[PDB]
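Asker: Opening with a subset of the complex:
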Amino acid sequence: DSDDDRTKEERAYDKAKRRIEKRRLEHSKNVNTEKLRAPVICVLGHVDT
Amino acid sequence: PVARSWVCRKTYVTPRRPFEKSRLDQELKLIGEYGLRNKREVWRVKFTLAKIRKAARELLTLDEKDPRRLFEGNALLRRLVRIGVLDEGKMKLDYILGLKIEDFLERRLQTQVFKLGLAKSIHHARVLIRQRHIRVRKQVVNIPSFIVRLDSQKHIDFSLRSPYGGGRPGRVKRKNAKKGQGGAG
Amino acid sequence: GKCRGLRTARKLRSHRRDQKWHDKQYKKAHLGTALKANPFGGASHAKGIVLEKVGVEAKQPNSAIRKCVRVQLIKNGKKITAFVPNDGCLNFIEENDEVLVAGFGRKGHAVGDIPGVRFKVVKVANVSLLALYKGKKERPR
């Protein structure tokens, strides 16, 4: 048939890439708005403060 | 201090002359005639023939009325007539030196499947052996380098699971029949 | 054999021992001076850093500019010259870079029309010159 590309190694990773992006995109869908993580306190200043 | 074997040996030998016209011509004639694959198999046949000839020469060096020479010569001669390279008429220790490569290569499984009368060509015989069709005495053998003996000569037949000897049809036949039934129903 | 007697064995053994010592190929491998003077130190391959790209010239019959490189060793710091083997590979080697250096194949002797070289370059920057020649690997940066 003539639907896909010529070789296999330049298309077999596209299924893995689409699986990764749909897995992460669904991971951006079902999210909880309460009981989140811990933030970062980020301390800056001058010498000898 | 582990429990292994570490015992192995090379079964072939590389010739001293890498480029000789007559040697390459003879080796390629043997490969084409007896359906070989490469030069390592005819080299290993040459190596085991050289080992047998060297053992026969070392046995023939010693004098007669020796129990070691008589026992080893009788064992070697009985094994060679059991394999099928000699007969009962030439039952002598000094007749071993007249044996050649084609006497060993005649006893190969591929040649015997070809010449027994169930394969078209020798390459077709090797292909039929390698795809698990030919069995000897209810044992499926899928390798062409199986040195048959004289007592197991008349038991070469297709396997019970092969379509050639009576069995289930293969993958192409079943798929084509399914396509025909789908198109006609 | 000259001393041919029944109980003459230590004379024959000592004479053959001194005449075996009085050789060149056996004496080269049984004295530590040849191994210590060898920059490889009895090793097959060696590593080194490129100092500069030099150009040496061929001998009397044929005339060309055989392009080499001055490399100082890792293990001892001896300073040798090494011939870049194939065509156009002098772009692949820059100064202060790691190279893997092997011999020509004549056991520490000059090969061909190049005077004074005994070594050749196999790899540069831990990647082979054959892959760089055939467009199979790229130099990392």
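Answerer: Structure's in. What do you need? Numbering: from 1, shown residues only, chains lettered A, B, ... in the order given.
Asker: helices or strands next to the biggest helix by length in chain B in the packing?
Answerer: Criterion DSSP state H: the longest helix present in chain B is helix B:39-61. Applying 3 or more Cβ pairs under 8 Å, 6 or more residues apart in numbering or on different chains; DSSP states H and E, one finds that helix B:39-61 makes contact with helix B:21-34, helix B:67-83, helix B:101-105. From N, CA and C alone the C-beta is placed, and that goes for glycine too.
Asker: Is residue A:36 located within a helix, as I assumed?
Answerer: No. Looking at residue A:36 with DSSP: H, G, I helix; E, B strand; the rest coil, it is coil, so not inside a helix.
Asker: List phi and psi for residue C:88.
Answerer: The phi and psi values for residue C:88, taken as degrees, to the nearest 10, are phi 70, psi 20.
Asker: nope, residue C:53 is what I meant
Answerer: Backbone dihedrals for residue C:53, given as degrees, to the nearest 10, come out at phi -100, psi 110.
Asker: From residue C:74, how far off is it?
Answerer: Separation of residue C:53 from residue C:74 (Cβ to Cβ, to the nearest Å): 19 Å.
Asker: which residues in chain C form strands?
Answerer: Assigned by DSSP state E, chain C shows strands spanning C:45-57, C:65-73, C:79-83, C:98-103, C:119-124, C:127-128.
Asker: Next one: the most centrally placed residue in chain B from residue B:120, what distance?
Answerer: The residue lying closest to the centre of chain B (Cα atoms, centre = their mean) is residue B:108, at 2.6 Å. Computed as Cβ to Cβ, the residue B:108 to residue B:120 distance reads 17 Å.
Asker: what do you get for residue C:134?
Answerer: For residue C:134 relative to residue B:120 (Cβ to Cβ), the value is 45 Å.
Asker: Kindly report the same for residue B:128.
Answerer: Between residue B:128 and residue B:120 the distance is 9 Å, computed by Cβ to Cβ.
Asker: Over to residue C:84?
Answerer: Residue C:84 is 58 Å from residue B:120, by Cβ to Cβ.
Asker: same thing with residue B:35?
Answerer: In terms of Cβ to Cβ, residue B:35 sits 12 Å off from residue B:120.
Asker: Also put chain D in, sequence below:
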Amino acid sequence: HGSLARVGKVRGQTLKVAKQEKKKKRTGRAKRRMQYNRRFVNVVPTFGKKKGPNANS
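Answerer: One more piece, chain D, placed on the ones above:
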């Protein structure tokens, strides 16, 4: 010209000729079968000198 010490000049100024789409050469056992056929089957009784397998006269 440019210079006498130009590295890799003949590799860099030669013309680029692309590859050709050729049939897959069979490798393994049947290659020896083809070699045996072409050497010791299709031989013709000739005279004088036998030409080589790459004799493109």
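Asker: Could you re-examine what packs on helix B:39-61 with chain D now present?
Answerer: Judged by 3+ Cβ pairs under 8 Å, 6+ apart, helix B:39-61 is in contact with helix B:21-34, helix B:67-83, helix B:101-105.
Asker: Quick check: the residue of chain C nearest chain D.
Answerer: Here chain C gets closest to chain D at one residue, residue C:88, 2.2 Å apart by Cβ to the nearest Cβ.
Asker: Just list the residues touching the residue in chain C that chain B sits nearest to, thanks.
Answerer: Residue nearest to chain B within chain C: residue C:105 (18.6 Å; Cβ to the nearest Cβ). Neighbour list for residue C:105: residue C:111 [criterion: Cβ atoms under 8 Å, 6 or more residues apart in numbering or on different chains].
Asker: which residues does residue C:73 form a beta bridge with?
Answerer: residue C:48 (DSSP bridges).
Asker: now the residue in chain D that chain C sits nearest to, nearest residue through space, not along the chain?
Answerer: Here the residue of chain D nearest chain C is residue D:8; by Cβ to the nearest Cβ that distance is 2.2 Å. Distances taken as Cβ to Cβ, 6 or more residues apart in numbering or on different chains put residue C:88 closest to residue D:8, at 2.2 Å, once the chain neighbours are dropped.
Asker: what's near enough to touch that neighbour?
Answerer: For residue C:88, the contacting residues are C:133, D:7-9, D:11-12, by Cβ under 8 Å, 6+ apart.
Asker: what about residue 39, how many neighbours?
Answerer: With no chain named, the answer covers chain A. Applying other Cβ atoms under 10 Å in any protein chain shown, we find 6 residues neighbouring residue A:39.
Asker: wrong one, chain D
Answerer: What residue D:39 shows, counting by other Cβ under 10 Å, is a neighbour count of 15.
Asker: Just want the residue of chain B that's nearest chain D.
Answerer: Nearest residue of chain B to chain D: residue B:32, at 2.6 Å (Cβ to the nearest Cβ).
Asker: for chain A, that is, sorry about that
Answerer: Taking Cβ to the nearest Cβ, chain A has residue A:6 as its residue nearest chain D, at 12.1 Å.
Asker: That residue: which element?
Answerer: Here residue A:6, judged by DSSP states H and E, is contained in no helix and no strand.
Asker: Check the gap between it and chain C for me.
Answerer: Using Cβ to the nearest Cβ, to the nearest Å, one gets 20 Å for the distance from residue A:6 to chain C.
Asker: here's chain E, drop it on:
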Amino acid sequence: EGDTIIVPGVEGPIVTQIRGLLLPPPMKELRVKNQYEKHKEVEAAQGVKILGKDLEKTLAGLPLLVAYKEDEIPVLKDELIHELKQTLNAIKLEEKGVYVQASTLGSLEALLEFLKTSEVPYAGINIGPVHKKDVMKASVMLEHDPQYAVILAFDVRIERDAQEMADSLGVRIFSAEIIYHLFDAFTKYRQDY
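Answerer: Placing chain E onto the earlier chains gives this:
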């Protein structure tokens, strides 16, 4: 622990396999003398220490991707090399100059920025203790303008044999635990030379 991670590096992306996850006690910081504990899995919003087998060239401040799949061919790092081909703030000019060495990548980058502002080239960017190889590379540069034939080592210990070989053929190591003391020593050395 049974997965492969992809970390950005100097010679492009490098793929490793995780060995352990060292966690300090919550009372102390991460700059502690080997007081850690082992874990199999970690919770979110934590400062962990991933240790591997062969990285030895890494740039911090860049994302890492955990591949749950099998990295059978290096093409799943294409978005990561696309992310590193833009916004290269710390451009590594591998020119012919002073071999610098620091115990930390941040201190090493600060030393490189000091040399950039001081208009001094740099050759080697090795991280960790000073060995015989670094002194030997300084001995390589002891020919062909030997002005930059010194080793800049900051907040890290030199070995005994490295100093023993260094003083034999004249490689200077400015070993200092104080960065401005190291700066003043290098400036005084340059003026005296």
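Asker: ok chain E is loaded, check the neighbour count of residue D:39 again?
Answerer: By other Cβ under 10 Å, the residues close to residue D:39 number 15.
Asker: Tell me if it really is in a strand.
Answerer: No. According to three-state DSSP, residue D:39 belongs to no strand; its state is helix.
Asker: Not counting residues beside it along the chain, what's closest to it?
Answerer: Taking Cβ to Cβ, 6+ apart, and ignoring the residues beside it in sequence, residue D:39 has residue B:28 as its nearest neighbour in space, at 6.5 Å.
Asker: Excluding covalently adjacent residues, which one is nearest to the residue of chain D found nearest chain B?
Answerer: As assessed by Cβ to the nearest Cβ, chain B sits closest to residue D:36 within chain D, at 2.6 Å. Nearest in space to residue D:36, with sequence neighbours left out and distances taken as Cβ to Cβ, 6+ apart, is residue B:32 at 2.6 Å.
Asker: hmm, who's touching the longest helix of chain B?
Answerer: So helix B:39-61 is in contact with B:11-15, B:27, B:30-31, B:36, B:69, B:72-73, B:76, B:80, B:93-94, B:96-97, B:99, B:101, B:104-105, B:145, going by Cβ under 8 Å, 6+ apart.
Asker: Which members of those residues are classed as buried?
Answerer: Buried members of the contacts of helix B:39-61, counted by 16 or more other Cβ atoms under 10 Å in any protein chain shown: B:27, B:30-31, B:36, B:69, B:72-73, B:76, B:80, B:93, B:96, B:99, B:104-105.
Asker: and stretch E:166-176, how far apart are its ends?
Answerer: 17 Å (Cα to Cα, to the nearest Å).
Asker: buried ones in that stretch?
Answerer: Using 16+ other Cβ under 10 Å as the test for burial, stretch E:166-176 gives E:166, E:171-176.
Asker: same thing with stretch E:37-45?
Answerer: Within stretch E:37-45, no residue is scored as buried using 16+ other Cβ under 10 Å.
Asker: How far does it stretch from one end to the other?
Answerer: Length of stretch E:37-45, first residue to last, Cα to Cα: 17 Å.
Asker: Pick the one among the buried ones among the contacts of helix B:39-61 closest to residue E:72.
Answerer: Among these, residue B:36 lies closest to residue E:72 (Cβ to Cβ), at 36.7 Å.
Asker: check contacts around the closest one.
Answerer: B:30, B:42, D:29, D:32.
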